[PDB]
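Asks: Mind having a look at this structure? Questions to follow.
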Amino acid sequence: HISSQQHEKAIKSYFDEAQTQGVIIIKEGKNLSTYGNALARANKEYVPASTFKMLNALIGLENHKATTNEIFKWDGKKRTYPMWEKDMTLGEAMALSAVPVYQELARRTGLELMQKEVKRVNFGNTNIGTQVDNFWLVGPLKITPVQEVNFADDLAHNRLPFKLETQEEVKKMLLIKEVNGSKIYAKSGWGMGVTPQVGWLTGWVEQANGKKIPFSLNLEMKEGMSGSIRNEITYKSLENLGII
Ligand SMILES: *[B]([O])([O])[C]([C][C])[N]S(=O)(=O)[C]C1=[C][C]=[C]C(C([O])=O)=[C]1
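In C-alpha cells:
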C-alpha cells in the first residue's frame, strides 16, 4: 500500500544522499520504470565500461576463444589493483572486474570478429572503432541505461543470439548476492577514463518463484566515492520496491 510518490521520493533520496546524480531502470515483463534523482539519464549514452565484460565473455565463449575453466595466468607485471596480480578464470575475472583478463580475451577474438559480433548483437551504438582492447572503456562504444536494462532482460531470458549453454555459462559468473530466497545477478562498471566518470550496475533479480526482474543503475562517479555505492543504492531501491 505504499504510494508511487513515496517509492519515487525514497529512491531519489538514495541518490541525493550519495551526493551524485543517477537513475535506476527496472523492467517487469515488458514495462520499464525509471527512478532516481536524474531521470533524463535514462536515454543518454555512456560508455559501458566493465558492464561490457558480460558481452565480451559471451562472444569469447561462443567463438571458442576461451573455456570456463581456463586459467588466465598473471604475466607478473604490476597491475593497477593488487587483487588482479593472480591467475583467474573468466568467472573470477568477472567478479574482480579484471580488465587485463578481458583485454586478453578481446585480443583473442580480434577486431574484425569483435566488431561483427557487437553489431550482430546490436549492443548500444554498436561502434567499436579501431582499438580492440579498450573500446568499452574510453569510447567509441556507448549505450543508454534503457539499452542496458533491455540487454539484461535478454540475457536473463536466454534471448541473446548465442547458444543457450553460452548464456547459462556467463549467467553463472554474475551471481553477486543472495537475499532471503532472491538471487541478484549483475555486473558493475566504472568508467574512470572518461569525464565525467560513469558508474553502472546492470543485471536482474531472480525471485524464489522464478520471476526475473532486470534493472540497470547508472550514476556519475565522483572523486573519492566508493564503488560499493552502486550496490548499496541498487539494493536499497530493489528492497524499497519489494523486489527483494
Ligand atoms: B570496469 O569495472 O569498469 C573496469 C575495472 C574497474 N573499470 S576501469 O578500467 O576504468 C579501472 C582502471 C583504471 C585505470 C587503469 C586500469 C588498468 O590498468 O587496466 C583500470
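For the sequence shown, the authors' numbering assigns the number 32 to the initial residue and increments by one for each residue that follows. Ideal Cβ positions, reconstructed from N, Cα and C, are used throughout, including at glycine.
Tell whether a beta-carbon distance below 7 Å holds between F103 and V132.
Replies: By 1-based counting over the sequence shown, the position of residue 103 is 72. By 1-based counting over the sequence shown, the position of residue 132 is 101. Yes, these two residues count as a Cβ contact at 7 Å.
Asks: Suppose the cutoff is 6 Å on Cβ atoms and the five residues either side in sequence are ignored; what does the same chain contact list for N156 look like?
Replies: Walking along the sequence shown from the start, residue 156 turns up at place 125. So the qualifying residues of the chain are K173.
Asks: Over what stretch of residues does the alpha helix (DSSP H) that includes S128 continue unbroken?
Replies: Counting from one through the sequence shown, the residue named residue 128 turns up at place 97. It is not in any alpha helix (DSSP H) - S128 carries neither H nor E in the DSSP assignment.
Asks: Take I207 and list the residues in its own chain whose beta-carbon comes closer than 6 Å to its own, dropping the five residues that flank it on each side.
Replies: Along the sequence shown, one-based indexing puts residue 207 at 176. The residues are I215 and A217.
Asks: If we count the other Cβ atoms within 10 Å of its Cβ and call it buried at 16 or more, is residue 278 buried or exposed?
Replies: Missing from the structure shown is residue 278; the chain here goes from 32 to 275 and no further.
Asks: Could you spell out where the beta strand (DSSP E) holding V229 opens and where it closes?
Replies: Against the sequence shown, residue 229 aligns to sequence position 198. From DSSP, the beta strand (DSSP E) with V229 extends over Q228 to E237.
Asks: Would you report the Cα separation of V130 and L121, rounded to the nearest angstrom?
Replies: Here residue 130 is taken as the residue at index 99 of the sequence shown, counted from 1. Here residue 121 is taken as the residue at index 90 of the sequence shown, counted from 1. Each residue's Cα considered, the two are about 11 Å apart.
Asks: Just to confirm, is the Cβ distance from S213 to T233 under 7 Å?
Replies: Taking the first residue of the sequence shown as position 1, residue 213 is located at position 182. Taking the first residue of the sequence shown as position 1, residue 233 is located at position 202. No.
Asks: When you compare each of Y266, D164 and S81 to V229 by their alpha carbons, which one comes out closest?
Replies: Taking the first residue of the sequence shown as position 1, residue 229 is located at position 198. The residue with the shortest Cα to Cα distance from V229 is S81.
Asks: Exposed or buried, which one is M114 when buried takes at least 16 other CB atoms within 10 Å?
Replies: For the purposes of this step, residue 114 is taken as residue 83 along the sequence shown, with counting starting at 1. So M114 counts as exposed.
Asks: Taking C-beta to C-beta, are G91 and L136 nearer than 7 Å?
Replies: Working through the sequence shown from its first residue, we reach residue 91 at position 60. Working through the sequence shown from its first residue, we reach residue 136 at position 105. Yes, these two residues count as a Cβ contact at 7 Å.
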